[PDB]
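Undergrad: Starting off with a structure, shown below.
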Amino acid sequence: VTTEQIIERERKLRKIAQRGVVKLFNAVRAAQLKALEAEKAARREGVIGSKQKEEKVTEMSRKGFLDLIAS
Amino acid sequence: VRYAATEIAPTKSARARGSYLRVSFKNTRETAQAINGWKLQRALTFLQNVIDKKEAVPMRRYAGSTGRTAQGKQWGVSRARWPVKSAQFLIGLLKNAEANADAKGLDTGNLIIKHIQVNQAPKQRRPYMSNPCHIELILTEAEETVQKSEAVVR
Amino acid sequence: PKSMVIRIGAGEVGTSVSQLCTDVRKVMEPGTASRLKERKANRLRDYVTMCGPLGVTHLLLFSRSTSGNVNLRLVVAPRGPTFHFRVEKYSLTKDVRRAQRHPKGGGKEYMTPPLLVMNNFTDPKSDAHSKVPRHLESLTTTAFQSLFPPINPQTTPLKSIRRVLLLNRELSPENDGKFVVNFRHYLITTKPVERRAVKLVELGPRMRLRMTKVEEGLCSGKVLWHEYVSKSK
């Protein structure tokens with residue numbers, strides 16, 4: 001009885017963990033796909049191609065999408 | 001008379017120069033000789049592995065016995081080391097050369113290092129004297145051999 | 001980041017604690033020494049002097065008192081800190097598999113570490129009662145975030161993402177609650193319904209932790225916060 005109720009609370013926090021796992025899942029997938037598409041959306045070898053500018057741009061890109069997905 | 005071999009086309013070529021670099025001339029010469037005549041991607045991955053301690057540059061002329069490991073089999077030389085700053089500045093200089101070639105509008109896929117020369121620089125007057133170096137490297141797209149049309153008789 | 005799980009805290013070991021530590025090591029794979037066989041003559045000094053050259057960053061110690069109470073000491077090599085948890089309720093992985101209608105055996109997933117998910121722990125100040133929040137909870141968060149390798153969502157392969165480790169705090173940010181730590185392990189199954197459904201399957205063990213006590217060093221240092229004993233100034 002009481003033990004059983006403990007195991008319904010068990011599935012309750014299990015579903016809480018499920019929601020957390022799902023939100024991390026789709027957050028990661030959406031962020032990666034969007035950032036990769038955005039960075040590939042350029043010229044054949046990019047506008048610059050020297051890679052020092054693109055590294056910082058790619059960092060700003062994942063940062064913007066990560067912030068947008070988190071909140 | 002005789003004619004010397006003409007230089008490769010400047011718009012098929014790319015040049016890079018680094019002067020007054022603060023890395024040992026012997027180490028730079030050894031690294032340049034190790035990476036000479038290779039594919040661009042091959043050379044970059046080789047130098048990155050040298051930094052990551054994975055592949056060793058063999059010493060032939062300026063050779064001081066430091067390491068005798070299994071990494072020297074691929075060169076047949078029993079003396080091999082890992083010039084870190086050499087690998088790093090040469091990576092920078094081939095990246096500069098690749099950027100220059102991209103600006104000139106060459107095929108990035110087929111850059112090969114035809115030429116890399118390391119010379120000594122004016123000594124840093126401080127008896128302990130430093131040995132800076134000059135490094136100039138010349139790259140080209142792979143030479144292209146094309147079809148013939150069958151000769152017409154007349 | 002490497003972690004080792006040892007039973008050297010207990011004077012003697014039994015089947016239950018041995019199975020628990022085997023399950024904990026399985027959770028800690030692949031950054032753990034599976035073949036670590038504890039011997040009675042070994043000591044914490046020997047194990048830390050092994051951790052030194054091995055580059056192990058974290059050490060779980062399962063101790064058993066004469067009363068039968070079990071304690072989990074999470075220490076950071078090689079100089080601390082030390083966290084004393086008390087075992088309230090524990091279940092074996094074998095029991096979890098038996099209870100589950102469709103238990104899943106461990107496989108290729110041993111190659112990938114689990115993602116840490118942390119719930120109900122209060123990082124920001126809600127009541128300025130800094131003694132529990134600003135002293136204990138942030139350290140808990142950092143300790144587990146360092147226990148598991150840092151996760152970059154922008155580089156982690158989603159197909160490698162297969163395991164999750166849940167740490168749920170029965171406690172509210174207003175410092176009201178039972179202060180209970182819930183440790184659980186789940187396996188991820190991705191099903192095509194792109195819309196993908198994620199099903200989490202219990203792998204065990206289930207762990208009920210009492211945040212008892214803390215130390216600056218490896219089983220040494222001043223008591224920074226003890227739940228039952230508050231030392232005068």
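So you can find residues: chains in the structure tokens are A, B, ... in the order shown, residues in each start at 1, and ligands are numbered from 1 in order.
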List the spatial neighbours of region 48-60 of chain A as a ChimeraX atom specification - criterion: any atom at most 8 Å away, only C-alpha atoms, same-chain residues fewer than 2 positions off excluded.
TA: /A:35,39,45-46,62-64 /B:95-96,99
Undergrad: Please, could you write that set of residues out with C-alpha atoms as a PDB file, in the first residue's frame?
TA:
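Okay, this is what ended up in selection_28.pdb:
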ATOM      1  CA  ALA A  35      24.525  25.801 -36.229  1.00  0.00           C
ATOM      2  CA  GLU A  39      27.860  27.882 -40.904  1.00  0.00           C
ATOM      3  CA  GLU A  45      34.892  27.921 -48.882  1.00  0.00           C
ATOM      4  CA  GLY A  46      33.206  30.649 -46.861  1.00  0.00           C
ATOM      5  CA  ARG A  62      26.419  27.843 -31.184  1.00  0.00           C
ATOM      6  CA  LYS A  63      26.189  30.320 -28.311  1.00  0.00           C
ATOM      7  CA  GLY A  64      23.217  32.150 -29.819  1.00  0.00           C
TER       8      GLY A  64
ATOM      9  CA  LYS B  95      48.045  28.349 -43.603  1.00  0.00           C
ATOM     10  CA  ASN B  96      49.088  31.820 -44.767  1.00  0.00           C
ATOM     11  CA  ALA B  99      44.986  31.697 -47.756  1.00  0.00           C
TER      12      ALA B  99
END
Undergrad: Residues of chain A were defined as contacting chain C if any atom lay at most 10 Å from it, counting only C-alpha atoms; please report them as number ranges by chain.
TA: A: 13-22, 24-33, 35-36, 59, 62-63, 66
Undergrad: Suppose we keep N, CA and C atoms; can you now write the selection as an mmCIF file, in the first residue's frame?
TA:
data_model
loop_
_atom_site.group_PDB
_atom_site.id
_atom_site.type_symbol
_atom_site.label_atom_id
_atom_site.label_comp_id
_atom_site.auth_asym_id
_atom_site.auth_seq_id
_atom_site.Cartn_x
_atom_site.Cartn_y
_atom_site.Cartn_z
ATOM 1 N N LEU A 13 8.829 10.713 -10.587
ATOM 2 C CA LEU A 13 10.124 11.351 -10.801
ATOM 3 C C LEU A 13 10.862 10.708 -11.973
ATOM 4 N N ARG A 14 10.515 9.462 -12.307
ATOM 5 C CA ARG A 14 10.998 8.839 -13.536
ATOM 6 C C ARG A 14 10.539 9.623 -14.762
ATOM 7 N N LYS A 15 9.269 10.028 -14.791
ATOM 8 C CA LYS A 15 8.771 10.837 -15.897
ATOM 9 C C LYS A 15 9.382 12.233 -15.889
ATOM 10 N N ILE A 16 9.674 12.773 -14.705
ATOM 11 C CA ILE A 16 10.398 14.044 -14.640
ATOM 12 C C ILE A 16 11.763 13.913 -15.313
ATOM 13 N N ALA A 17 12.493 12.845 -14.981
ATOM 14 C CA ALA A 17 13.776 12.585 -15.626
ATOM 15 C C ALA A 17 13.605 12.374 -17.122
ATOM 16 N N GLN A 18 12.510 11.728 -17.526
ATOM 17 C CA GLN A 18 12.237 11.533 -18.944
ATOM 18 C C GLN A 18 12.086 12.868 -19.658
ATOM 19 N N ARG A 19 11.345 13.797 -19.050
ATOM 20 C CA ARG A 19 11.187 15.117 -19.651
ATOM 21 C C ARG A 19 12.529 15.825 -19.763
ATOM 22 N N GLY A 20 13.355 15.731 -18.717
ATOM 23 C CA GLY A 20 14.685 16.314 -18.792
ATOM 24 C C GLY A 20 15.539 15.716 -19.894
ATOM 25 N N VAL A 21 15.530 14.389 -20.018
ATOM 26 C CA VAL A 21 16.309 13.722 -21.058
ATOM 27 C C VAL A 21 15.820 14.141 -22.437
ATOM 28 N N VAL A 22 14.499 14.219 -22.616
ATOM 29 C CA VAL A 22 13.942 14.587 -23.916
ATOM 30 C C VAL A 22 14.310 16.020 -24.277
ATOM 31 N N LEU A 24 16.919 17.764 -23.201
ATOM 32 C CA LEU A 24 18.334 17.775 -23.569
ATOM 33 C C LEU A 24 18.546 17.189 -24.962
ATOM 34 N N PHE A 25 17.864 16.084 -25.264
ATOM 35 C CA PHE A 25 17.943 15.448 -26.575
ATOM 36 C C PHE A 25 17.625 16.431 -27.695
ATOM 37 N N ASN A 26 16.419 17.003 -27.674
ATOM 38 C CA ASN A 26 16.015 17.844 -28.795
ATOM 39 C C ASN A 26 16.778 19.162 -28.795
ATOM 40 N N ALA A 27 17.177 19.659 -27.619
ATOM 41 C CA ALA A 27 18.025 20.843 -27.571
ATOM 42 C C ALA A 27 19.342 20.600 -28.296
ATOM 43 N N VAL A 28 20.011 19.488 -27.977
ATOM 44 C CA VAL A 28 21.288 19.177 -28.611
ATOM 45 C C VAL A 28 21.108 19.006 -30.113
ATOM 46 N N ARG A 29 20.097 18.233 -30.518
ATOM 47 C CA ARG A 29 19.908 17.958 -31.939
ATOM 48 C C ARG A 29 19.620 19.240 -32.713
ATOM 49 N N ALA A 30 18.678 20.050 -32.217
ATOM 50 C CA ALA A 30 18.321 21.283 -32.906
ATOM 51 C C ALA A 30 19.499 22.243 -32.963
ATOM 52 N N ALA A 31 20.226 22.397 -31.852
ATOM 53 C CA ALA A 31 21.364 23.308 -31.843
ATOM 54 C C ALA A 31 22.422 22.878 -32.848
ATOM 55 N N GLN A 32 22.774 21.589 -32.856
ATOM 56 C CA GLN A 32 23.805 21.123 -33.775
ATOM 57 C C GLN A 32 23.372 21.295 -35.224
ATOM 58 N N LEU A 33 22.154 20.855 -35.553
ATOM 59 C CA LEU A 33 21.695 20.947 -36.935
ATOM 60 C C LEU A 33 21.638 22.399 -37.393
ATOM 61 N N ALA A 35 23.218 25.163 -36.136
ATOM 62 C CA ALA A 35 24.525 25.801 -36.229
ATOM 63 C C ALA A 35 25.294 25.308 -37.448
ATOM 64 N N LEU A 36 25.254 23.998 -37.714
ATOM 65 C CA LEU A 36 25.931 23.473 -38.896
ATOM 66 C C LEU A 36 25.333 24.036 -40.179
ATOM 67 N N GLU A 59 31.633 29.905 -32.830
ATOM 68 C CA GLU A 59 31.397 29.978 -31.393
ATOM 69 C C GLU A 59 30.210 30.877 -31.072
ATOM 70 N N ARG A 62 26.896 28.797 -32.181
ATOM 71 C CA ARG A 62 26.419 27.843 -31.184
ATOM 72 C C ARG A 62 25.960 28.538 -29.913
ATOM 73 N N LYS A 63 26.613 29.637 -29.527
ATOM 74 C CA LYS A 63 26.189 30.320 -28.311
ATOM 75 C C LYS A 63 24.799 30.934 -28.460
ATOM 76 N N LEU A 66 22.251 28.082 -28.591
ATOM 77 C CA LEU A 66 22.134 27.445 -27.285
ATOM 78 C C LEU A 66 21.327 28.310 -26.328
#
Undergrad: Taking the backbone alone, and naming residues the way the document does, which bits of region 4-154 of chain B are strand (DSSP E or B) by DSSP, as JSON, numbers by chain?
TA: {"B": [13, 14, 15, 16, 17, 18, 19, 20, 21, 39, 57, 58, 80, 81, 111, 112, 113, 114, 115, 116, 117, 118, 119, 120, 124, 130, 133, 134, 135, 136, 137, 138, 139, 140, 141]}
Undergrad: Using only C-alpha atoms, tabulate the residues of chain B lying at most 12 Å from any atom of chain A, each with its closest atom pair and that distance in Å to one decimal, by chain and increasing residue number, as CSV.
TA:
residue,atom,partner,partner_atom,distance
B:92,CA,A:50,CA,10.7
B:93,CA,A:50,CA,11.9
B:94,CA,A:50,CA,11.3
B:95,CA,A:50,CA,7.6
B:96,CA,A:50,CA,7.9
B:97,CA,A:50,CA,10.3
B:98,CA,A:50,CA,8.4
B:99,CA,A:50,CA,6.0
B:100,CA,A:50,CA,9.5
B:101,CA,A:49,CA,11.0
B:102,CA,A:49,CA,8.0
B:103,CA,A:49,CA,9.4
B:105,CA,A:45,CA,11.3
B:107,CA,A:45,CA,11.1
B:108,CA,A:45,CA,9.5
B:109,CA,A:45,CA,11.6
Undergrad: Using N, CA and C atoms, can you write the selected residues to a file as a compact mmCIF listing (two decimals), in the first residue's frame?
TA:
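Dumped everything to selection_33.txt:
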# COMPACT_ATOMS: atom_id res chain seq x y z
N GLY B 92 51.51 27.71 -39.33
CA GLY B 92 51.05 29.06 -39.59
C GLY B 92 51.41 29.55 -40.98
N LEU B 93 52.62 29.23 -41.44
CA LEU B 93 53.07 29.75 -42.72
C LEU B 93 52.41 29.04 -43.90
N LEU B 94 52.20 27.72 -43.81
CA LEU B 94 51.41 27.06 -44.85
C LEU B 94 49.94 27.47 -44.80
N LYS B 95 49.40 27.80 -43.63
CA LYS B 95 48.04 28.35 -43.60
C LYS B 95 47.99 29.71 -44.29
N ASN B 96 49.00 30.54 -44.07
CA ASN B 96 49.09 31.82 -44.77
C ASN B 96 49.21 31.59 -46.27
N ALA B 97 50.02 30.61 -46.67
CA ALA B 97 50.18 30.30 -48.09
C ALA B 97 48.88 29.78 -48.70
N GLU B 98 48.15 28.95 -47.96
CA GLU B 98 46.86 28.46 -48.43
C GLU B 98 45.86 29.59 -48.58
N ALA B 99 45.85 30.53 -47.63
CA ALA B 99 44.99 31.70 -47.76
C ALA B 99 45.37 32.54 -48.97
N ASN B 100 46.68 32.70 -49.21
CA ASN B 100 47.13 33.45 -50.37
C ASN B 100 46.71 32.77 -51.67
N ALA B 101 46.84 31.44 -51.73
CA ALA B 101 46.42 30.70 -52.91
C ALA B 101 44.92 30.80 -53.13
N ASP B 102 44.14 30.72 -52.05
CA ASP B 102 42.69 30.89 -52.16
C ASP B 102 42.35 32.28 -52.67
N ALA B 103 43.06 33.30 -52.19
CA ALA B 103 42.84 34.66 -52.69
C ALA B 103 43.18 34.75 -54.18
N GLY B 105 42.89 32.41 -56.22
CA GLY B 105 41.94 31.62 -56.96
C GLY B 105 42.49 30.31 -57.50
N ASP B 107 43.00 25.96 -57.02
CA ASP B 107 42.29 24.79 -56.53
C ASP B 107 42.92 24.35 -55.21
N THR B 108 42.18 24.53 -54.11
CA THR B 108 42.71 24.21 -52.79
C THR B 108 43.08 22.74 -52.67
N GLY B 109 42.43 21.87 -53.45
CA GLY B 109 42.63 20.44 -53.30
C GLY B 109 44.02 19.96 -53.68
Undergrad: So what do you get for CA of residue 4 (chain C) versus CA of residue 60 (chain C), distance-wise?
TA: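 Straight-line distance from CA of residue 4 (chain C) to CA of residue 60 (chain C) works out to 6.3 Å.
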Undergrad: Among chain A, which residues does DSSP mark as alpha helix (DSSP H) when it is run on the backbone? Keep the chain and numbering as in the structure and answer as a VMD selection string.
TA: chain A and resid 2 to 40 52 to 70
Undergrad: Work out how far CA of residue 225 (chain C) is from CA of residue 175 (chain C), in Å to one decimal.
TA: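 About the pair CA of residue 175 (chain C) and CA of residue 225 (chain C): they are 15.3 Å apart.
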